[PDB]
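This document starts with one chain, in the form deposited in one PDB entry, laid out as structure tokens.
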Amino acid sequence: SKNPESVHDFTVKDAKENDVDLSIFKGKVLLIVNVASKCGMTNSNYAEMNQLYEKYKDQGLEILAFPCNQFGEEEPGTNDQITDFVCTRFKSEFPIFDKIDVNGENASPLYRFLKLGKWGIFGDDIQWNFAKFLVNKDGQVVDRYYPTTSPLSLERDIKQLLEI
């Protein structure tokens, strides 16, 4: 809409560049997390996220992954590609949206909003790849975790947040 009140007032692009009204997720627990551009998903975060999905997929937990190139201070070897460098694919169970920036000038309105969560307690810049956010059924930012917190460690909060 126009009054950033909830995460549901936001619409984002999916991998297909098609609009997705986040408002369709109400009633479900949103676990928002920024993923890397790397092409391979080697990181352990994905595996653990899959499990989390495997377990709470049909219970209200929806994982919203967002590719971001603002980190991964890669050690180049043939990366110089400005016409097709971002991974042209993301093989995972949960949904992977269009690549967006989480920090800086062109930051996504959503992350801007996720950052106002809990009176600015969540106001920090996304520290690195895989920062985790938990949103309740009403679209309010409930929790935030550092990249270094494996998805599996968010189970207790996921569980509670679902009333299971």
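Residue numbers run from 1 along the displayed sequence. Rigid core (definition): largest C-alpha set, two forms, superposition within 1.5 Å. Only residues modelled in both forms are compared.
The next section is about a form of this same protein that is not shown, the form deposited in another entry.
J.: Tell me, which of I96, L61, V102, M41 is the one whose C-alpha shifts by at least 2 Å between this form and the one not shown, with the rigid core superposed?
T.: By this measure, the answer is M41.
J.: Between the shown chain and the other structure, the Cα gap of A107 to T78 differs by 3 Å or more. Is it closer or farther in the other form?
T.: Between the C-alphas of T78 and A107, the gap narrows in the other form (3 Å or more compared with this form).
J.: Classify the change in Cα distance between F90 and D21 in the other form as closer or farther, relative to the shown form (magnitude of 3 Å or more).
T.: Note: Cα gap between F90 and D21 widens in the other form.
J.: Do any runs of 3 or more residues shift their CA by 2 Å or more between this form and the one not shown on a core fit, and if so, which ones, in sequence order?
T.: Shifted segments: 37-43, 72-92.
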